[PDB]
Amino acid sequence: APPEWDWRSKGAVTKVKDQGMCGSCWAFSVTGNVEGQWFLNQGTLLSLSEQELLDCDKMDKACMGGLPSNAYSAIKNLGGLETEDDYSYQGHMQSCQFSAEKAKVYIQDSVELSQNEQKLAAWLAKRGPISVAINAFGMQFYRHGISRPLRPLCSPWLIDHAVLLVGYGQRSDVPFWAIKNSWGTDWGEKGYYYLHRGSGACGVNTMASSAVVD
């Protein structure tokens, strides 16, 4: 695997979005991963609908939380995912407005990735952005820099956020993961969270996954 890699300059990542006051992080983690997979496997980067997951996925609970695993399944079962433009984000659940004929992206499966961060970096560089669940301890008071919270304070037992691994590298010889958040661009480093890489920081390596598009 390469020493460093980031998908933003390669066209596999959409701009940073904002979930607002809705606890829909899980939906953004999933669309971000699916957007990357569709670009790399079908050739076009599209901004996909988180709202479809909020309204047409009852296994998950919209603003009250969800799991990428259930999201991938819902998208497959529904028959596709619409774009942000055809099904805009409202920040709250509503009756399902999914239209099989409006869907432009399809999922056929999903995979759970390795818990080894070296292997995760290799997968990322070769197959695209990875959906990950993390403990958000080191994010609220976050501004910039490579975050490395006191280990016990960011354990995998309290994972409570879902985001996206977009790249990795080293800043002054300190390994990092470039993580796309969903709280707008005015947060952190242009909407991104940089986390220490190689220490199982905030359980970032424990629940990595990706959809398998058609």
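The numbering used is simple: start at 1 and walk along the sequence shown.
Relative to one another, 24-32 and 63-71 have unequal mean CA B-factors, and 63-71 is the one with the higher figure. Higher mean CA B-factor, judged across 136-144 and 113-121 from the recorded values: 136-144.
In this PDB entry, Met207 carries a Cα temperature factor that places it within the lowest third of its chain's modelled residues.
Per the PDB record, residue ranking by Cα B-factor puts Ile130 in the lowest third of the chain. Per the deposited record, the Cα B-factor of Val174 falls in the highest third when ranked against the other modelled residues of its chain. Among all modelled residues in this chain, the alpha-carbon of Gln37 has a temperature factor (C-alpha) in the lowest third. In the deposited entry, the Cα temperature factor of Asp186 places it in the highest third of its chain's modelled residues.
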